[PDB]
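Values below: all heavy atoms of this structure, side chains included; hydrogens, waters and symmetry mates excluded. As the structure lists them, so they are numbered: ligands from 1, and atoms in each ligand from 1. By convention in this document, chain letters (A, B, ...) are assigned in the order of the sequence lines, proteins followed by strands, and residues within each chain are numbered from 1.
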There are 4 protein chains.
Amino acid sequence: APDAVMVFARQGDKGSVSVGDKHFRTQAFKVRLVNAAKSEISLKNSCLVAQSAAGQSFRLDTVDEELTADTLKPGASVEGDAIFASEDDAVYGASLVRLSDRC
Amino acid sequence: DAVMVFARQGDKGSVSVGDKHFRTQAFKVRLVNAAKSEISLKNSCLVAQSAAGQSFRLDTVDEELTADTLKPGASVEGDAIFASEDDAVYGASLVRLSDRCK
Amino acid sequence: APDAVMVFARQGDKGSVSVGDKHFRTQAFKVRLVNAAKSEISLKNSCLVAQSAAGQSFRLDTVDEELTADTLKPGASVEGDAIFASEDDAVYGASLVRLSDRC
Amino acid sequence: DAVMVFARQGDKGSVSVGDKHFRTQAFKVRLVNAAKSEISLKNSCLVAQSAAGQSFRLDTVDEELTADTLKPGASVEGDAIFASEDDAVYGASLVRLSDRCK
Ligand SMILES: C[As](C)(=O)[O-]
Ligand SMILES: C[As](C)(=O)[O-]
């Protein structure tokens, strides 16, 4: 098994939010993080990012508490929903959820 | 400042009578007043919009969403169905409140 | 009310069928026919057709018995599912269900 | 003559480990033998395909669909998940049986 966290994601519902001059589209995912390594891994300086094929990143609008764990014990898994956003429809083209340290 | 509008894309449909027709796109919509005072919705209107910037008229709506005002901290929810003669409304991905209503 | 049958349709599930060399994509709709007129209307020489904006028609692969009524009494409605097909993905662009006498 | 393959598009997903990743598209699949005799599936394989003609590998599948033959009049059903490194599999709209399997 790889010495890293595996990120599994399933595309969920499509929505939108509008308030005054600000409009954005939302794409939800159910995400499971699985620590495949034999040691505990810190996720303190990490965040979930959604990405399209072209390499465009989408900001995380809301996330379940379960996915905000500071660390993952070896062999352990956590899971929850994560919702990403774009001003236009680009987030609908998000086809990958991954971990990043650019948060 | 302003009412928050949350929406989820719902069903797509159509109506045809002879050569007359239109397309429909439904959304489930929640309006939330997160402000400290009552906000009037009287001269506002719900509109669906494509990312390309086209807006679409509300054809039918649940009575809950027809409130003339929203109390501070209150929310109303219901389905709202928007229409276009052609299939452009299927491209609507946002629901917003507009102050340009005829 | 118009002196004709009103056709209401809601897009349903997307599928496919493959057998030997023959492949096709399917688009289901729930359809309601409503006779708005004050007289009975024959549907004997009529059929349901799905159509895209460009005017491309899609063949009716299967249909519920309820939609095969020979006539519609004044003020009456019938409803059921109808599934249309294309060899490629074009049927997914079907955005109108209407009546035709080209069957 | 041949086994009939019925499929319905299901969920879209992804798997990421560091810089390695792939996308998944699930379908619910029913295989039906409408022929009068048993048909061998041994040297056939399920493949998902885009209208553009690209085929996609089966990554995981329900055990029911792994039958080496199908009795006359019988059917098997289950989920089948196809994959691509890039997001091309999201374009798969057909499930078929191929006799070109490696
Ligand atoms: C937000 As990043 C690490 O995908 O550029
Ligand atoms: C099948 As026709 C009457 O839309 O050309």
- With a 3.5 Å cut-off and no angle check, do the side chains of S75(B) and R30(B) form a donor-acceptor pair? no
- Query: Under 3.5 Å, side chain of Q9(D) to main-chain N/O of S16(C), donor-acceptor pair present?
  - Reply: no
- Query: Tell me the side chain to side chain donor-acceptor pair (under 3.5 Å) pairs involving residues 44-61 of chain D, sequence neighbours left out?
  - Reply: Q49(D)-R96(D)
- Task: With side-chain contact (heavy atoms from CB on, under 4.5 Å) as the test, would you mind laying out the steps for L48(C) and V31(C) before giving the verdict?
- Result: CA-CA 9 Å; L48(C) 291 170; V31(C) 180; 4.2 Å; yes
- Note on the structure: Residues with a heavy atom under 4.0 Å from ligand 2, by chain and number, are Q51(C), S57(C), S100(C), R102(C)
- Is the shortest distance from a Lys or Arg side-chain nitrogen in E40(C) or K73(C) to a carboxylate oxygen in the other one below 4.0 Å? yes
- Looking only at heavy atoms, what is the nearest atom pair of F24(A) and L94(B), with distance? O-CD1, 4.3 Å
